[PDB]
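Read the single chain below, which is given as structure tokens and is the form solved without guanosine-5'-diphosphate (GDP).
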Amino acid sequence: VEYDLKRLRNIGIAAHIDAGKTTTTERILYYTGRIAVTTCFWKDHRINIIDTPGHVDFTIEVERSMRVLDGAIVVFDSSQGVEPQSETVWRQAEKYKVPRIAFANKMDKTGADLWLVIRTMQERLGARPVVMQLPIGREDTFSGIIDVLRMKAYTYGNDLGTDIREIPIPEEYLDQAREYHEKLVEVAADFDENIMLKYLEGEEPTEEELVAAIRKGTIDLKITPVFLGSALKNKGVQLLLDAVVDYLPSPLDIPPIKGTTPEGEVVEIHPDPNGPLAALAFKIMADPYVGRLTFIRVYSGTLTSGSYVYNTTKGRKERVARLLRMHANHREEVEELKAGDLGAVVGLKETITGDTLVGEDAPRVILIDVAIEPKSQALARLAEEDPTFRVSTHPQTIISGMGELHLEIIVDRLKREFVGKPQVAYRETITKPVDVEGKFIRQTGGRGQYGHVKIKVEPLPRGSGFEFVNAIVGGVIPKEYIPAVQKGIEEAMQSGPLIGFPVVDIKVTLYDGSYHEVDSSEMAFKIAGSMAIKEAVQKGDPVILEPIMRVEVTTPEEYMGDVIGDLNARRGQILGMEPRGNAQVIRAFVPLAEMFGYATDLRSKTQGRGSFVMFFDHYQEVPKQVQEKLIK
């Protein structure tokens, strides 16, 4: 027992609400247990069920769940083979090379057709599905299940799990079974010479040889075993578990994690339990009792309860208080988890998500501007984990950042778990130097105020910041007011003359002005300060800056032309492309303003088998034809 880096099946049930992700989890977990990272045992192995995002899209969150897992059981809804949805989910496991197997769920629901799945998987995804098992009974008849590798049936006696008897294949499926068993002994062959030499001879091979070779190829991305059953009817669950132990890679099967070490250089973090530790923080979940739980993954070394760790990605030092293994039914406080395994280190503050946690003796290694925004309790927690969004100032409630409506998730991680105007991040700038002037002649009723400055606004290199300098010689504007001025100015850059966005990249030089020996004030040189600007922005040929992005749309070659065409309409600058195994990805530079709704546009133009992703690339003007629209 204890541990073996070998007996470690780190998995995630990559699916969707519907395909039956949860119940494939509920049911898996129910059986282990008898005979954000749950765990348990199955026939000598520790199975680690690293919860997956499963909200169809949204990558950074999806991605994270993908680089911390090893297998990936993709469950398709039998009633419809690769429904557009399951495809992208596949696509994610594709982009990350995630070894996987597949479950032909709902194998008793009307639509039910194993082959419809295999057919589609072979067609649309273009993967080489092997055929591990055959169902007995049809859809609303679905009783037993035929294992074509060992040649034996499993007749589930009911929709509970209170009955199950191994049986010799009922002769009604003797031939069909025997046909598929041979296609199997044949795929094996591609992967194991020794087995082919026995195929060419009618000499059936060893079960190991078979199951072992089928194992090599899966872990190799050359095939994708397929199993079938029914979660909510309790047909095929156990077998799905043996599949996991049977063909999924353990931590030493995958390829070692690179990791940045200073002096740069990227290196190899292997799963050595007797070496210097290196962990990663992937998920944080506040706990009602015990509180803020950090969910780690131990890449190198061993982590022991009560140990001083050091968080490379943040400077802090941390005392890993105690440790916890979440279980379906009972948390499990433990004394140490060596490289390969994962869990909860309770008591951590300062440390976040995506953070590397080394040892105080180990060698230290580190393993967007949020451009869109709408309008006490909540926001602090939803800020516990999510180094992405931002609680921000501005003229007044503005959750801000990242991918369209991931904002909305915060909204349903708010008003559910706990508006309007999703807009772009424009800026404003002058294009030609302008020299100006402010004045303020008030009587305020009884106390005369006065302030008059003369300035010179100029364009500064895109990227340069703000610039204030003084030309006032031997006071004409008494040294005391200059600051009231720099502040009227500093307020003006909040809301540009045009569309009212942050005036940027300018060089304000104060050079002349005037004052009254008693009528002046501070609030008078702040007023004229904030006039000298607004005028001087609307009088230096004001522009509007905006976020040209960098998209990553993925179309199976099938629509790959009306995309590169509609993409074009997006003021887009397609620059390159590459083929992602099956389909093809076409990167581009589409001006952020041109993309709201885009989810849907790509949905349509491709039978929803399309997925884009975008990361803010930069700023640059927008030509009059746009600015003229924008300013209207």
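Throughout, we count residues from 1 along the sequence that is shown.
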Q: Could you bin the unmodelled part of the deposited chain lying between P395 and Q396 as none, 1 to 3, 4 to 9, or 10 or more?
A: 1 to 3
Q.
Counting only residues that lack coordinates, how big is the gap in the deposited sequence between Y308 and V309? Pick none, 1 to 3, 4 to 9 or 10 or more.
A. none
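From this point on, the text means the form deposited with guanosine-5'-diphosphate (GDP) bound, which you will not see here.
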(Q) Here blocked means 3 or more ligand atoms within 2.4 Å of a backbone or C-beta atom once guanosine-5'-diphosphate (GDP) is superposed in from its placement in the entry with it bound. Does this form come out open or blocked? (A) blocked
Q) in the entry with it bound, does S300 have a heavy atom within 4.5 Å of guanosine-5'-diphosphate (GDP)? A) no
Q: Using the partner position in the entry with it bound, report whether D108 sits within 4.5 Å of guanosine-5'-diphosphate (GDP), counting heavy atoms only.
A: yes
Q. Closest heavy atom of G20 to guanosine-5'-diphosphate (GDP) in the entry with it bound, within 4.5 Å or not?
A. yes
Q | Contact of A231 with guanosine-5'-diphosphate (GDP) in the entry with it bound (heavy atom, 4.5 Å) | A | yes
Q. Just one of 486 to 494, 99 to 107, 161 to 169, 519 to 527 has heavy atoms within 4.5 Å of guanosine-5'-diphosphate (GDP) in the entry with it bound; which?
A. 99 to 107
